[PDB]
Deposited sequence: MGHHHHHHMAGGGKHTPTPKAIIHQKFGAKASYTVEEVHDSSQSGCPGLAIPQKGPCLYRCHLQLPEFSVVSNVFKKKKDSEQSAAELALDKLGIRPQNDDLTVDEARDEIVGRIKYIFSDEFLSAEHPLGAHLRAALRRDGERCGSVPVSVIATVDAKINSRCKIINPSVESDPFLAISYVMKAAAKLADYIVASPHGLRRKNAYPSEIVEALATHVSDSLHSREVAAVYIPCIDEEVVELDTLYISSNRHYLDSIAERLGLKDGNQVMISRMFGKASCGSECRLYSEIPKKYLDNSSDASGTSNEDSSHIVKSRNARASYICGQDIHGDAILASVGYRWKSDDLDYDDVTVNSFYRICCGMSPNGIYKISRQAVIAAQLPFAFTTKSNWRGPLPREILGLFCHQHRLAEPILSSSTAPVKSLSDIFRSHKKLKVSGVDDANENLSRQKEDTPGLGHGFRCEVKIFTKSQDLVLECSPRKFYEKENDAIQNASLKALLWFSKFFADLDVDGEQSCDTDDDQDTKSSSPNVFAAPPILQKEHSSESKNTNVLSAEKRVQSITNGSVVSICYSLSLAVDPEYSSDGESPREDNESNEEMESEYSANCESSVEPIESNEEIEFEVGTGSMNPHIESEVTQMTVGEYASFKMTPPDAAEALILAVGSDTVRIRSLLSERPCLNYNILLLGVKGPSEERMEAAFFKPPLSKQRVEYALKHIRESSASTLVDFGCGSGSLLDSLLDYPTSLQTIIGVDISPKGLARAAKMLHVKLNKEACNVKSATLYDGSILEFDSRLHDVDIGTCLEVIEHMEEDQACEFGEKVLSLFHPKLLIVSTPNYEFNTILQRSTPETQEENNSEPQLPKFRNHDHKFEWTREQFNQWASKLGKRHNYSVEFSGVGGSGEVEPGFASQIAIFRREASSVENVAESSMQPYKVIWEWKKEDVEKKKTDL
């Protein structure tokens, strides 16, 4: 385990080197002088680390988090990688161990917070000769110092736990100065000074029972509930020992911790210690199959599965009631299909799907998560996921145990990752077996989700009818085998509102699963000896059709938008002019295309109310006017509302307003018309807004049948034509209609309407509401 974060390293040298995050830019965005707008792009970071002497700085970084490491990275490479490089000399681990123990049985330590303190303190309360003796297993387990050292002296400790006990004893013998090995554990040589212990008893901060499990090594034997009792006068281990038949707790062994996700409590497996490492007839005991699986360590003889231990600033014992069904849960919790079931809270109801749709059609824990959780509990390294332009590898201690690669490259980081993670999970699921006839009592598409309410009961095939798994609401992906098959086939017939039921004479649920779900296990065990059937009762609550991925497509050969620009460009060259206005210049596409070709225009102007849009445009104009601007001499962009008059724009010859009107109110459309024609006097004006009747063709793949979630309205060819001509006549303009898209002949009409207002006739004050956000004039 080398996760050596430069950061933690600094914690070893006190909170003396302060970090400061500073935000700087990397010129990764277009440089545009003069713009009064601000495109707040991602800023990169670099960290400041003030260590006593000198201070170090990280160079540019994308992640605030990476930089802080980077500062610690440059702080330690300048020192000589002095803290990371330090590792243990084998014999030096014995010194740590030795010196550590010595400190533990020292006077002062007796009143320490560290779990040991309660253990050591508790050891004084042990009856008879057992007094003052802490059991070996505790000196090795509770304290990680001993473990970190023990691991270095021997990795074989992980597989064989009795080894840490022998190293503990041997270190105790070499340092016999205040440590005496007793048939009852380790004990101090001399009495704790009377005052220290009295001082201790004054401040103590004061018959409980903790149900656990009893695991036999004899396969035939049943695993049963064995409730152990803890008393303030006896170390909890003696209580466990007492149940395994032994005489001391000094005999008790302790496995690593496990099963938090499976059972919900931190567990240990207490078994006995072959008298060989203790004295440090001779008939070793039978290996305990079950016990060994659960904890991933080899254990002998019977064992006790329990969740007990001392916490920190407390003398109080912490525990949880492990029960018979906690045990079965822990097993099912080892397979991936099982982990999924437990994570989903419906073991008999769910199943680990075989395929991945979209992260919106899935249900329960992601293949990736349930995978990583799987490896860590399995004594393995986080799975390495390879993305190419998917390939997932499994690593455990430098050894490769699984390598996978999926053929389809879904268009998403997560999705390709999740699909590979399922294949992997299916494989491991093949190592432990999991995944009959039916009778019934009272059209759905793959890629849909059903919300059922199901109820399961175990009873004798006809005090015998007992509920096992109930559930009010759960959603299931349909067609990915994400639920028990019988319930799936049953449901795909049902329609919303129905309650169907059926039973399995031969229970389809592997008993380990039935036992994992059911609380009164004693009654469940009985029913399983006689003909037991499993009753399913489903009520359908809702459904949701197939997924929606196919979202966008190109319909018109040249894309609609460009034809619209082209069309308006034709009018600009056909009638030659000077000044042009762009009421609603999005990001400058009209102006983009317009400055790509030598056009007899003199000065351009864009007006828009969108700051995010005016920014993209000014940058484009900056680059476009740099190539030889064939004819322009004063480009300008105003952040303003076209529904407003600004004296700065006068003498407009050509006037563009490409489909903006439809983006505002129907009166705002009229008011805009009114002002543009009357106040600005454009010699020519081009307005576009799509023909509404066309939307019926595009649907084939405020109002119904609308294009944007922004359009306030949409017009028919007759609606537009009317508004258009009313405004025209009332202001002396010549109006002609045409569109882009299809053609004026084919009945649908044009896909987008266009009205060309022409001044036939060919009262002002100053007010500058707008705000010049960008300007430019050849000098």
item	value
Coordinate gaps, deposited numbering	1-14, 221-223, 298-309, 419-462, 509-542, 550-559, 580-607, 847-858, 920-924, 942-950
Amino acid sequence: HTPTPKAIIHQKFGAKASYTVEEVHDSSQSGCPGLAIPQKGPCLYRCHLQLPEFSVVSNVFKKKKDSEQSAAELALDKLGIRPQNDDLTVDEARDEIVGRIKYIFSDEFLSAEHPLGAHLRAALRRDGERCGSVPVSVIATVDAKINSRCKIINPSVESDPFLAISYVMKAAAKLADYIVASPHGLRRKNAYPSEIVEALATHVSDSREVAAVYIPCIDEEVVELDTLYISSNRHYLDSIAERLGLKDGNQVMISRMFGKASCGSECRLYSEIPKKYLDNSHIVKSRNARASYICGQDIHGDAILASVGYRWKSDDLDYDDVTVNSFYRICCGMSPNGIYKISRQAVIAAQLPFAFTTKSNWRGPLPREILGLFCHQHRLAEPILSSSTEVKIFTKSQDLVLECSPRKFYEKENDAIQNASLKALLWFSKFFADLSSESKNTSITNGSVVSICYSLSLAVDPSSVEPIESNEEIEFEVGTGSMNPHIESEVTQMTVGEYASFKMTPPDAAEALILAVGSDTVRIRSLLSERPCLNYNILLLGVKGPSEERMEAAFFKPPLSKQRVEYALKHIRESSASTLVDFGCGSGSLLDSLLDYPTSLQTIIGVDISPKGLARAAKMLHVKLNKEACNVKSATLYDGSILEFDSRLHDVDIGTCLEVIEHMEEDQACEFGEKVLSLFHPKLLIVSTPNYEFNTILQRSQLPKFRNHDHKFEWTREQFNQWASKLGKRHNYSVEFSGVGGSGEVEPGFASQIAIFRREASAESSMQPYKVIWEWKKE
From here on, numbers count along this sequence of modelled residues.
property	result
Mean Cα B-factor comparison, 424-432 or 188-196, giving the higher one as deposited	424-432
Mean Cα B-factor comparison, 767-775 or 17-25, giving the higher one as deposited	17-25
Largest Cα B-factor, entry values, listed residues 321, 674, 469, 73	73
Peak C-alpha temperature factor (PDB record), options 522, 90, 347, 136	90
Position of residue 447 among the chain's modelled residues by C-alpha B-factor, lowest, middle or highest third	middle
Chain thirds of CA B-factor: placement of residue 491	middle
Third of chain Cα B-factors occupied by residue 30	highest
B-factor third for the C-alpha atom of residue 300 within its chain	middle
B-factor third for the C-alpha atom of residue 732 within its chain	middle
